[PDB]
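Q: Dropping a structure here in structure tokens format, bear with me for questions.
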Amino acid sequence: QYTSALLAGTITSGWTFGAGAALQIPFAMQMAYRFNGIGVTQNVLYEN
Amino acid sequence: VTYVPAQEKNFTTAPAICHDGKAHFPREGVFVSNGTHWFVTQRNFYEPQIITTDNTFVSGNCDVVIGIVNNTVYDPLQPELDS
């Protein structure tokens, strides 16, 4: 029940569930966030 | 000393905004809407701004990205050529 709760915030809520109150983030916008930390623009996600 | 956000408000999003037939992507921040116009704010705070060519980045066409919407992108050079 811990792993079902913390995969529910990882898939949906982003990284903001443990840093504060959980936001409402779509999953297609999460990989647009997480590519920008490693230096990859949003051109690579939406085409491929 | 920590930075904790408190109160939340639900807005309408979109991955891309189609204008001339080419898809626009946000350079910094996310696309939000109040139900009438599409606003450009950043991720950690709410500061709505107009859609500009400096805050957006353009690549590809509009037939690729799932969830693309149609709005107008304001160009500041267009009133400078007309005045």
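Protein chains in written order, with the authors' numbering: chain B, 872 to 919; chain C, 1065 to 1147.
All C-beta atoms in this analysis are idealised placements derived from N, C-alpha and C, irrespective of residue type, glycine included.
Within 8 Å, do at least three Cβ pairs link the region 1075 to 1087 of chain C to the region 1119 to 1137 of chain C?
A: yes
Q: For the beta strand (DSSP E) that contains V1104 (chain C), what are its first and last residues?
A: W1102 to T1105
Q: Consider the Cβ of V1128 (chain C): report whether some Cβ of chain B lies at a distance smaller than 9 Å.
A: yes
Q: Using 8 Å as the Cβ pair cut-off and three pairs as the minimum, do the region 1085 to 1104 of chain C and the region 1113 to 1130 of chain C touch?
A: yes
Q: Tell whether a beta-carbon distance below 9 Å holds between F898 (chain B) and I909 (chain B).
A: no
Q: How far does the beta strand (DSSP E) with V1122 (chain C) in it reach, from first residue to last?
A: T1120 to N1125
Q: What is the rounded straight-line gap between the Cα of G1099 (chain C) and the Cα of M900 (chain B)?
A: 19 Å
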